[PDB]
Chemist: 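Would you mind keeping the following structure in view while I ask a few things?
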Amino acid sequence: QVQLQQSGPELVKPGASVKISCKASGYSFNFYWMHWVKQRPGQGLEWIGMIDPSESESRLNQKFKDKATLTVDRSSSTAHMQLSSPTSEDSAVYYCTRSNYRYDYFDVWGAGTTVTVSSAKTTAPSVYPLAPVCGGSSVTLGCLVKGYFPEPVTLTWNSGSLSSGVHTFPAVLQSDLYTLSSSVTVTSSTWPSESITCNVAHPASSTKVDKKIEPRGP
Amino acid sequence: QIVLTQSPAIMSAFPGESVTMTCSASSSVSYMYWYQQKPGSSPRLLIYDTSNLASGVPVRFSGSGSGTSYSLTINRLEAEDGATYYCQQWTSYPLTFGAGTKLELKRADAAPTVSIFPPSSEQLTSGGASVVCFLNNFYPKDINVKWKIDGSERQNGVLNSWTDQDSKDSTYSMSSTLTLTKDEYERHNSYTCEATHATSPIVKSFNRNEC
Ligand SMILES: [Cl-]
Ligand SMILES: [Cl-]
């Protein structure tokens with residue numbers, strides 16, 4: 001039951017410090033060093049530094065000497081990393097990870113916290129149904145989620161009850177807004193007699209939308 | 001400041017093949033460690049102290065090496081093994097990783113299933129118009145999608161997105177979205193998305209407002 005629980009996605013504006021947290025459970029917190037690792041697309045994995053929770057001794061990668069501050073709260077078995085004066089270079093997934101007691105390896109990892117450093121405005125998506133035109137063994141429908149910021153959105157089909165035959169495509173950023181889409185394929189006799197609905201949530205804008213895919217007609 | 005250099009950057013192989021990837025260190029290291037990162041999850045320890053398999057790692061994985069030259073071998077690759085693999089050194093601080101080898105899978109060539117979708121009524125009320133095409137379950141990854149409006153190629157305003165390789169069937173899927181103004185959409189008739197690789201293209205089209 002060894003776990004590291006990381007905080008949710010953060011949006012911060014440039015210059016505004018960000019603090020992320022990593023709650024340990026299922027082990028004796030003070031006995032193990034906690035490390036932090038940065039991951040950006042194209043830039044692999046970068047070690048930020050490490051902290052000994054027993055007496056808060058820390059060591060940082062010189063690359064991050066003026067950027068990252070590592071602390072622990074022994075009473076709540078939580079490690080924190082704070083990033084001073086963030087820039088877009090600080091946008092990344094940050095992992096906390098515990099080092100093995102005996103060996104030089106990382107033996108448990110958190111799920112990562114995605115940090116976006118941007119001056120862009122939080123914006124709600126528009127969710128649009130994709131139905132085929134007027135008029136095979138199967139039919140493909142879709143859902144276009146256009147124009148949101150920041151990530152993420154979550155998208156399901158029929159509340160999660162339709163999970164096979166789905167491709168949800170990674171978002172793409174264009175001019176400060178993201179767009180994502182999803183396809184679902186069902187037997188040709190399934191729809192439109194059985195309803196198919198796209199459910200989209202964008203937590204940042206407190207957006208939750210259900211969009212029924214309706215057949216097109218004259 | 002031990003720099004780890006991994007090669008190749010990207011590779012692919014059929015299931016059953018033996019694959020080897022290398023990690024060269026700028027100065028001598030005592031041991032090499034190897035981490036596996038499947039798309040969308042955290043890195044996981046695969047091999048520690050050069051050749052010892054981590055708990056639960058199957059026998060197809062091995063690690064070897066010494067000094068400045070190390071390698072990871074997968075003997076009889078499996079479809080599930082698609083991941084980026086990183087070496088890592090703990091000989092000197094700062095701790096460093098290599099830039100990774102992204103390993104993907106080969107399978108039989110497969111044509112995409114292509115579906116085209118006109119702008120929704122909802123989007124048209126906002127004054128915008130997106131045309132979407134899905135190219136689903138194809139192989140290899142490097143497919144070309146081409147849009148045509150009244151038979152002229154349109155390159156401007158096209159947004160493409162690929163899924164990670166499917167971990168079960170080794171296909172890719174992609175979504176292509178062409179965004180126009182409503183005004184521009186309403187002054188043209190035919191919309192076409194065409195998928196090509198090597199020979200006959202797969203073409204899906206519709207004519208605006210012809211129901
Ligand atoms: Cl905001
Ligand atoms: Cl947009």
Side-chain angles (χ1 to χ4, degrees), chain A residues 35 37 39 42-50 59-61 63-64 93 95 97 99-100 103-112 126-136 138-142 144 146-147 167-172 174 179-183 185 211 214 216-218, chain B residues 1 6 30-31 33 35 37 41-45 47-49 52 54-55 84 86 88-91 93-100 113-124 126 128 130 132 134 136-137 159-164 166 172-177 179 206-208 210-211:
Chain A
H35 294 248
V37 171
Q39 173 160 60
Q43 292 153 35
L45 298 171
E46 271 203 293
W47 179 74
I48 294 168
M50 65 190 181
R59 165 160 208 165
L60 308 171
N61 191 340
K63 216 200 161 181
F64 298 90
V93 174
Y95 295 101
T97 176
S99 191
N100 190 265
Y103 290 107
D104 290 332
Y105 62 76
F106 301 120
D107 67 353
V108 191
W109 296 66
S126 287
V127 175
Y128 300 126
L130 305 175
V133 294
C134 38
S138 77
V139 60
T140 297
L141 304 182
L144 175 65
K146 184 167 173 50
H167 292 294
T168 298
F169 300 90
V172 179
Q174 176 72 101
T179 294
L180 160 159
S181 57
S182 183
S183 70
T185 301
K211 177 61 70 183
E214 298 286 347
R216 294 172 70 87
Chain B
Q1 281 211 325
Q6 289 188 253
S30 292
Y31 297 110
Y33 309 81
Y35 292 82
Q37 185 180 29
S41 43
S42 309
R44 204 192 198 71
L45 180 73
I47 293 170
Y48 67 99
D49 288 7
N52 297 113
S55 176
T84 295
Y86 295 96
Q88 197 283 325
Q89 68 79 23
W90 210 297
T91 290
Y93 297 93
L95 304 184
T96 52
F97 294 84
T113 299
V114 182
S115 308
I116 194 169
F117 303 87
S120 73
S121 292
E122 288 99 327
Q123 184 180 24
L124 293 173
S126 72
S130 297
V132 178
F134 296 126
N136 286 344
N137 313 122
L159 174 159
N160 298 330
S161 183
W162 272 249
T163 50
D164 298 316
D166 189 86
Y172 294 91
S173 294
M174 92 168 280
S175 171
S176 183
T177 304
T179 299
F206 71 91
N207 290 327
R208 175 186 53 74
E210 295 200 6
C211 304

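Note on naming: letters A, B, ... go to the chains in the order of the sequence lines (proteins, then strands), and numbering restarts at 1 for each one.
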Chemist: Where on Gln39(A) is there a heavy atom nearer than 4.5 Å to chain B: the side chain, the backbone, both, or neither?
Modeler: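 Interface part for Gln39(A): side chain.
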Chemist: Between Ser41(B) and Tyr95(A), which heavy-atom pair has the shortest distance, and what is it?
Modeler: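 Taking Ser41(B) first and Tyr95(A) second, the nearest heavy atoms are O-OH, 3.8 Å.
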Chemist: Could you grab the distance from atom OG of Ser30(B) to atom CG of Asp104(A), nearest 0.5 Å is fine?
Modeler: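 So the OG of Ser30(B) and the CG of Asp104(A) are separated by 9.0 Å.
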Chemist: Give, as side chain, backbone, both or neither, the part of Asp49(B) having an atom under 4.5 angstrom from any heavy atom of chain A.
Modeler: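 For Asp49(B), the side chain is the part near chain A, not the backbone.
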Chemist: Heavy-atom cut-off 4.5 Å, strictly under: side chain, backbone, both or neither for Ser138(A) against chain B?
Modeler: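 Neither part, no heavy atoms under 4.5 Å.
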Chemist: Kindly give the heavy-atom pair with the smallest separation between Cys211(B) and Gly217(A), and that separation in Å.
Modeler: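 Heavy atoms only, the tightest pair is CB-O, 4.2 Å.
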Chemist: Taking all non-hydrogen atoms of both residues, which atom of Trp47(A) and which atom of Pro94(B) are closest, and how far apart?
Modeler: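 Result for this residue pair: CZ3-CA, 3.7 Å.
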Chemist: Which bit of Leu144(A) comes within less than 4.5 Å of chain B, counting heavy atoms only: side chain, backbone, both or neither?
Modeler: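 The side chain, not the backbone.
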Chemist: I'd like to know if the side chain of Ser161(B) and the backbone of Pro170(A) have a donor-acceptor N/O pair within less than 3.5 Å.
Modeler: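 Checked: pair present.
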Chemist: Test side chain to side chain contact (heavy atoms under 4.5 Å, CB included) on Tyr93(B) and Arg59(A) and set out the steps.
Modeler: CA-CA 9 Å; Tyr93(B) 297 93; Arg59(A) 165 160 208 165; 3.8 Å; yes
Chemist: Top residue by heavy-atom pair count (under 4.5 Å) with chain B, among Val127(A), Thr168(A), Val37(A), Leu45(A)?
Modeler: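 Counting heavy-atom pairs under 4.5 Å, the top option is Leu45(A).
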Chemist: Could you state the interatomic distance from CG (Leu130(A)) to CD1 (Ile116(B)), rounded to the nearest 0.5 Å?
Modeler: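 The distance works out to 11.0 Å.
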Chemist: May I ask you to name which of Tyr31(B), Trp162(B), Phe206(B), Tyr86(B) has the most heavy-atom pairs under 4.5 Å with chain A?
Modeler: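 Looking at each of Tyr31(B), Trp162(B), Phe206(B), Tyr86(B) in turn, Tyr86(B) comes out on top.
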Chemist: Who wins among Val132(B), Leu45(B), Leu95(B) for the most heavy-atom pairs under 4.5 Å with chain A?
Modeler: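 Option with the top pair count is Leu95(B).
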Chemist: Can you list everything that forms a side-chain hydrogen bond (donor to acceptor under 3.5 Å, both in side chains) with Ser173(B)? Sequence neighbours excluded, please.
Modeler: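 In terms of side-chain hydrogen bond (donor to acceptor under 3.5 Å, both in side chains), with neighbours along the sequence ignored, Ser173(B) is linked to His167(A).
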Chemist: In terms of heavy-atom proximity below 4.5 Å to chain B, should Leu180(A) be classed as side chain, backbone, both, or neither?
Modeler: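 For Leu180(A), there is no contact with chain B at all, as no heavy atom is under 4.5 Å.
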Chemist: Apply the test side chain to side chain contact (heavy atoms under 4.5 Å, CB included) to residues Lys146(A) and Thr179(B): give CA-CA distance (whole Å), side-chain angles for both, the deciding distance (0.1 Å), then the verdict.
Modeler: CA-CA 11 Å; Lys146(A) 184 167 173 50; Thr179(B) 299; 3.9 Å; yes
Chemist: Heavy-atom distance under 4.5 Å to chain A: side chain of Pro119(B), backbone, both or neither?
Modeler: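 The answer is the backbone of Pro119(B).
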Chemist: Please report the interatomic distance CD(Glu214(A)) to OG(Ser120(B)), rounded to the nearest 0.5 Å.
Modeler: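 The OG atom of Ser120(B) is 12.5 Å from CD of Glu214(A), to the nearest 0.5 Å.
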Chemist: Could you tell me how the ring of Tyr35(B) sits relative to the ring of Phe106(A): parallel (under 30°), tilted (30 to 60°) or perpendicular (over 60°)?
Modeler: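 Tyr35(B) and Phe106(A): tilted rings.
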Chemist: So which heavy atom on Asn160(B) is nearest to which on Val172(A), and how close?
Modeler: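 Shortest heavy-atom separation between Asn160(B) and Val172(A) comes out as O-CG2, 3.8 Å.
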Chemist: Which atoms of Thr97(A) are under 4.5 Å from chain B, going by heavy atoms: the side chain, the backbone, both sets, or neither?
Modeler: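 Interface part for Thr97(A): neither.
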Chemist: State yes or no: are the ring centers of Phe169(A) and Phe134(B) separated by less than 6.0 Å?
Modeler: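 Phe169(A) vs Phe134(B): aromatic centres under 6.0 Å.
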Chemist: Distance from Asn137(B) atom CG to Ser183(A) atom OG, nearest 0.5 Å?
Modeler: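 Here the rounded value is 8.0 Å.
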Chemist: Using a cut-off of under 4.5 Å for heavy-atom pairs, which of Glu210(B), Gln123(B), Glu122(B) has the most such pairs with chain A?
Modeler: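 Most pairs with chain A among the choices: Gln123(B).
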Chemist: Quick one: does any side-chain atom of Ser175(B) pair with a main-chain N or O of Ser181(A) as donor and acceptor, under 3.5 Å?
Modeler: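 Answer holds: no.
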Chemist: Could you tell me which residues satisfy ring-ring contact (aromatic ring centres under 6.0 Å, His included) with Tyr172(B), sequence neighbours excluded, listed by chain and number?
Modeler: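 Here no residue qualifies.
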Chemist: Ring centroid separation for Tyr48(B) and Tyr105(A), is it under 6.0 angstrom?
Modeler: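 Yes, the ring centres sit under 6.0 Å apart.
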Chemist: Using heavy-atom distances under 4.5 Å, tell me whether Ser126(A) contacts chain B through its side chain, its backbone, both, or neither.
Modeler: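 Looking at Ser126(A), nothing touches chain B.
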